[PDB]
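Each chain, written out:
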Amino acid sequence: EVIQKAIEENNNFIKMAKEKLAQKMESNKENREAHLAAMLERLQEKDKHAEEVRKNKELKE
Amino acid sequence: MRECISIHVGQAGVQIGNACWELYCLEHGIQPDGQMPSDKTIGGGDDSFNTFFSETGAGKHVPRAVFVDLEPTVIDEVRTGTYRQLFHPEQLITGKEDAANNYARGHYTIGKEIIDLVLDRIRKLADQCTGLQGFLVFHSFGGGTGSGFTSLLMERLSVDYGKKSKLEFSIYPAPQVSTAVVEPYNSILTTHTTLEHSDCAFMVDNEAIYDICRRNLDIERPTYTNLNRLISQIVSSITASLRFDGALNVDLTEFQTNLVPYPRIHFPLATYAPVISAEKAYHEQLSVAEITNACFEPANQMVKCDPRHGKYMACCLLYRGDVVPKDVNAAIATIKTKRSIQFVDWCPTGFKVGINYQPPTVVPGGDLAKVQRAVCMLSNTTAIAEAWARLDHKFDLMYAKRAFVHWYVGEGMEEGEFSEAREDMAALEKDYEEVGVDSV
Amino acid sequence: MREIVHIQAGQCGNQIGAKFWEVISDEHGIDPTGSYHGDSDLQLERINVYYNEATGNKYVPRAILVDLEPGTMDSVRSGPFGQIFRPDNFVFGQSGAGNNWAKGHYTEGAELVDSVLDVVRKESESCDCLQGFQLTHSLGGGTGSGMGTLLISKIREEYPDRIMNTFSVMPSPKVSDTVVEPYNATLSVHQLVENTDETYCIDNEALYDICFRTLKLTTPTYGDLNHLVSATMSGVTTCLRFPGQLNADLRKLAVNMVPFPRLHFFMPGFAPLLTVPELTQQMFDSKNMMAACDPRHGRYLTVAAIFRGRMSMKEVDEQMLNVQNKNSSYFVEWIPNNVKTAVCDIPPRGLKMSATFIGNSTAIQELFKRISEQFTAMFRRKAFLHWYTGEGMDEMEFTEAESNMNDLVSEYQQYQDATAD
Ligand SMILES: Nc1nc2c(ncn2[C@@H]2O[C@H](COP(=O)(O)OP(=O)(O)OP(=O)(O)O)[C@@H](O)[C@H]2O)c(=O)[nH]1
Ligand SMILES: Nc1nc2c(ncn2[C@@H]2O[C@H](COP(=O)(O)OP(=O)(O)O)[C@@H](O)[C@H]2O)c(=O)[nH]1
Ligand SMILES: [Ca+2]
Ligand SMILES: [Mg+2]
Ligand SMILES: [Mg+2]
């Protein structure tokens, strides 16, 4: 019982490590790209704005 | 058998590694082309040094080490330096972009891009070992690779190597040489993350080492070269038990048994002596009594803290050189008459002694005198927690205003990781308080 | 190995761009024919951050010259080092600035932005590892400010994880060749707060005041002002261009200097305009500031300080400690160890010993207050809005820029009043 417990706890420690690592890389890639998603979408309301100002300038005559 | 693989991570880790491996070759008679005239075991062997050096049929003795940085600058010096034939190119691993003093970049963004190759190369070292004992991980607390990538590597090493032992030599920030204002942030996160993955971490306080260089060596303004050479002498003493053998030798793992009363209480305090310049050592031969005394002067600690205001849970003395039991016993005894080194009540008060009879040596052009004998004392004391308190306070001042946190969130981290790391350290600090209270 | 892409844009941008290149190519031993010519290999250790290896081992500025107006190109080539700039990087389209931020950003600027974005790509693709970008430009004009900030937005879109670093020159009513520059300036800064990581704040008022009040020049040349900006810009890039124990790059500097993303406006400083105590004291004096702000009227968040020349590094550490200890109430207690200092033992020429100061001070709000005091000074009465609504713009975009820039001054104030308890 003792040696199969030393084995079981070494394995559960590897297990949880393996998982805590995988779960954090997934939360990180998500969070990082959401911030790049958020950053680019910000820049594109600037692109869409840079035209409503240019198109507005044609609406004169 | 009993091979140990060193892993030097980031600028500090790598430059400490230059210092350590240069000293190791000099101590073992290994030339910069890896040749060791002494070793008649061509292409292999089981001598004591083989714990740290593999062998090739060409007679070249090759560090069981790996340098990894996310940036090529500093390993490139290894690549073109004097000792550049020691290593197979594949032991020297660099990326292109560094972690910019950011833990997140070192652990996630940049580091995840190179973690698998680093493991793939550590594995190549493991598979030349017949009885791999564990790893020695040299890194700084403060850099984005030293903090972020090491704790990544450590997690990956637990998974891939089970409970195979991992010892750290961690470089603790000093504001005299601190290169980033976010070093406390990185320091807290890396300590939280490797805590359950490290069996034993020897913290090296740059300010302690810096102070010792100014004071004991009249070095007006010490450089990393100054620090690393002294650092390496301490590391040589801690690993001497592994690299040489003799009757009075005591394997470092035997000290580890005494040094770690509970898994989180695995931060020993090191004290070294003599640190002394050739000018001052000339005509002053230093007894084992004088260097032993010097162990208990706090000026010679590797971490700045006051053992006098904490309790001991262990005191070890690691002697190298011309040193005999009788003289040690005598020196210790007067230390006990002339000093109240108080222990926690759950703890025997013996001092555990080892003697490596191979005398220390110096790297030429150093300012450290070549002495006949040396000692490194390794003690576990609650006073080392002062080093957590100093860092924890600096983290706190910034984190309360969230200063610089946005650089970390920007790379995918959440505030919760900061709070959870800071609380672990809160708890570590009370661990250190609890073990010092008397039993009931 | 770690490359920066440089971009001059508009009048002021291209002229201070030129002096920058003249100053630094001299320091790296690069003659106007792009041939190495120096005395030490330290000159070339990190030459790649600013130069390309060329045919026959020539070195070519990774620079991009931009303007909506002729004159500025023949002057860069006719000027010294004008041939070292590769000729394709002159991107350039003629219908004029008109000192109109509207034309620079939206209308007349947007035509050849795709043509500047084109050439930037060609330069990033050769980057072994592109740190990021460096923009010299005005905030008072129309090309440098309006198209300049349009590039940033477009460049950030293509290189969102690159560091965007600008040297913006702020308009002063002395030196002022126009009168609408307060509009232009706060329209640019409304852009800068959002899309640059580090902005060195170069104030013509501060520069003019140095040559006049300090250097004694009743009539100061633009060449006098730019002699300031040249030695400054060489200072704050000494960490990027030479080997130093911080392997300094745009990102590591931004991390150490920017505690909150919108507070990325630095108050630069230079000494002399000699002993390390004197050099240190001067470098922190209000009179040696390149932004027209008094640092004893706010508080340093962070400070970078680079010393150049043969000195004792022990003295510099003693002196840098001295200034912080003796001036403790002027550095926020809640960013510990917030004053970093480097030493380069290779001086700029003409000086045996110089000091450059980069400060994130909340006293920089004085500079935005002056501009907000005169941006409004056409906007109660609604003056010259036709110059802008004519190119299509809306009124709120003028008021948003206003609030955004006032949101930033108060944000600087909020952290000036914050305490550790
Ligand atoms: N003792 C000693 N400390 C060093 C050395 N190099 C850097 N440090 C310390 O390490 C900390 C910064 O960590 P670095 O090793 O430079 O960071 P890094 O591992 O290169 O991480 P990044 O460059 O940001 O990716 C600072 O506290 C320095 O004082 C060294 O050679 N010896
Ligand atoms: N310091 C400095 N300022 C300049 C220089 N040239 C123009 N300026 C300033 O730039 C502002 C006008 O911007 P400018 O670059 O000329 O407009 P552009 O043609 O639209 O790029 C005014 O505040 C000028 O004082 C120069 O060489 N040095
Ligand atoms: Ca003597
Ligand atoms: Mg590095
Ligand atoms: Mg113009």
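Residues numbered from 1 in each chain as written, not as in the entry; some residues may be left out. Chains lettered and ligands numbered in written order. Part of a larger assembly, values for the part shown. Heavy atoms only, no water.

- As recorded in the PDB entry, chain C goes by Tubulin beta-2B chain and comes from Bos taurus.
- Comment text from UniProt for chain C, heading Subcellular location, reads "Cytoplasm, Cytoskeleton".
- Taken from UniProt, the Sequence similarities comment for chain C reads in full: "Belongs to the tubulin family." (UniProt positions renumbered as here; feature names shortened; annotations may be inferred.)

- Chain A appears in the PDB entry as Stathmin-4 from Rattus norvegicus.

**Examining the pattern of salt bridges**
Residue and element names in this part refer to chain C.
Inference 1: Per the stated rule, a full pass over the model turns up 50 salt bridges over all chains.
Inference 2: Between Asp209 and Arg213 there is a salt bridge, with its nearest N and O atoms 3.6 Å apart. Highlighted residues: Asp209 and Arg213, both in helix α7 (residues 204-214), separated by four residues, approximately one helical turn.
Inference 3: For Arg213, a relative accessible area of 66% puts it in the exposed group.
Inference 4: Of the charged contacts in the structure, one is a salt bridge between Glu333 and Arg299, with a shortest N-O distance of 3.3 Å. A residue pair is termed long-range when its members are at least 10 positions apart, and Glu333 in the loop between α12 (313-326) and β11 (339-344) and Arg299 in the loop between α11 (276-284) and β10 (300-309) qualify at 34 residues.
Inference 5: Given the relative accessible area of 31%, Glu333 is considered partly exposed. (Salt bridge = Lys/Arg side-chain N within 4 Å of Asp/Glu carboxyl O. Helix = DSSP H or I, 4+ residues; strand = E, 2+ residues; numbered from the N terminus. Buried < 20%, exposed > 50% of the residue type's maximum accessible area, 1.4 Å probe, protein only.)

**Some remarks on the nonpolar core**
Inference 1: Of all hydrophobic cores here, the largest spans 213 residues; its most connected members are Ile7 and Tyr185 of chain B together with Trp334, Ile364 and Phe368 of chain C.
Inference 2: Among the elements that line this core, the one with the most residues is helix α13 (residues 385-401) of chain B, at eight residues.
Inference 3: The contact partners of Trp334 of chain C, leaving out residues within four places of it in the chain, are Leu397, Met398, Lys401 and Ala403 of chain B together with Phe260, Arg299, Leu301, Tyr415, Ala418, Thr419 and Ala420 of chain C.
Inference 4: Counting residues in each nonpolar core, the second largest holds 61 residues, with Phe49, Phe87, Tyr210 and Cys376 of chain B among its members. (Core = buried A, V, L, I, M, F, W, Y, C linked by side-chain atoms within 4.5 Å. Contact = heavy atoms within 4.5 Å.)

**Overview of the interface of chain B and chain C**
Inference 1: Taken residue by residue, the interface counts 28 residues in chain B and 33 residues in chain C.
Inference 2: Approximately 2,800 Å² of surface area, both sides summed, lies buried where chain B meets chain C, with 60% of it carried by carbon and sulfur atoms.
Inference 3: If you sort the residues of chain B by the area they bury against chain C, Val181, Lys401 and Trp407 of chain B come out on top, with a joint share of 22%.
Inference 4: Counting across the chain B and chain C interface gives four salt bridges.
Inference 5: With a shortest N-O distance of 3.1 Å, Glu97 of chain B and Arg251 of chain C are connected by a salt bridge.
Inference 6: Inspection of the region where chain B meets chain C yields 15 residue pairs in polar contact. (Buried area = accessible area lost by both parts, 1.4 Å probe. Polar contact = N/O pair within 3.5 Å; in protein donor to acceptor, adjacent residues only side chain to side chain.)

**Examining the site of ligand 1**
Inference 1: Near ligand 1 you find 23 residues, and of these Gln15, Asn101, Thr145 and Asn228 of chain B together with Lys252 of chain C are the closest.
Inference 2: Looking at the residues close to ligand 1, they fall on chains B and C.
Inference 3: Within the side chain of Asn206 of chain B, one N or O atom sits 3.0 Å away from a nitrogen atom of ligand 1.
Inference 4: In the model, a nitrogen atom of ligand 1 is placed 2.4 Å from a nitrogen or oxygen of the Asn228 of chain B side chain.
Inference 5: Computed on the free molecule, ligand 1 has an accessible area of 640 Å², of which 98% lies beneath the protein chains in the complex.
Inference 6: Sort the elements by how many residues they give to the shell around ligand 1 and helix α1 (residues 10-28) of chain B lands first, with five residues.
Inference 7: Residues of the shell around ligand 1, tallied by class, amount to eight nonpolar, 12 polar and three charged. (Near = heavy atom within 4 Å. Areas by Shrake-Rupley, 256 points an atom, 1.4 Å probe, with all protein chains shown as cover. Nonpolar A, V, L, I, M, F, W, Y, C, P; charged D, E, K, R; others polar.)

**Topic: the pairing of strand β12 (residues 353-361) of chain C**
The side chains of a regular strand alternate, first on one face of the sheet and then on the other.
Residue and element names in this part refer to chain C.
Inference 1: Burial runs high along β12: nine of the nine residues are buried.
Inference 2: Residues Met353, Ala355, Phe357, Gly359 and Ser361 line one face of β12 and the alternating positions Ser354, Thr356, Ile358 and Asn360 line the opposite face, and both faces are buried.
Inference 3: For strand β9 (residues 265-271) and β12, the ladder comprises five bridges, and the chain directions are antiparallel. Bridge assignment links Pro268 to a residue of β12, and that residue is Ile358.
Inference 4: In this sheet, β12 lies alongside β10 in antiparallel orientation, the contact comprising nine bridges. Residue pairing across strands places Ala304 opposite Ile358, the latter belonging to β12. (Pairing = 2+ DSSP bridges.)

**Points about the packing of aromatic side chains**
Inference 1: This structure, assessed with the given rule, holds 49 aromatic pairs over all chains.
Inference 2: Measuring from centroid to centroid gives 5.3 Å for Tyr300 of chain C and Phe331 of chain C, while their planes differ by 40°, and the two rings are tilted. Of the two residues, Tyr300 of chain C is situated in strand β10 and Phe331 of chain C in the loop between α12 and β11; the sequence distance between them amounts to 31 residues. Residue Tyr300 of chain C shares its accessibility class with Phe331 of chain C, and that shared class is buried.
Inference 3: Taking 5.0 Å as the distance between ring centres and 75° as the angle between the ring planes, the aromatic pair formed by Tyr388 of chain C and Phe398 of chain C counts as edge-to-face. In this pair, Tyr388 of chain C sits in helix α14 (residues 386-389) while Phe398 of chain C sits in helix α15 (residues 395-417), placing the two residues 10 residues apart along the sequence. For the pair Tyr388 of chain C and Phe398 of chain C, one class covers both residues: buried.
Inference 4: A connected cluster of aromatic rings, assembled from ring pairs, spans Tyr185, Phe395, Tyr399, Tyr408 and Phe418 of chain B. (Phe/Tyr/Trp six-rings, centres within 6.5 Å; stacked < 30°, edge-to-face > 60°.)

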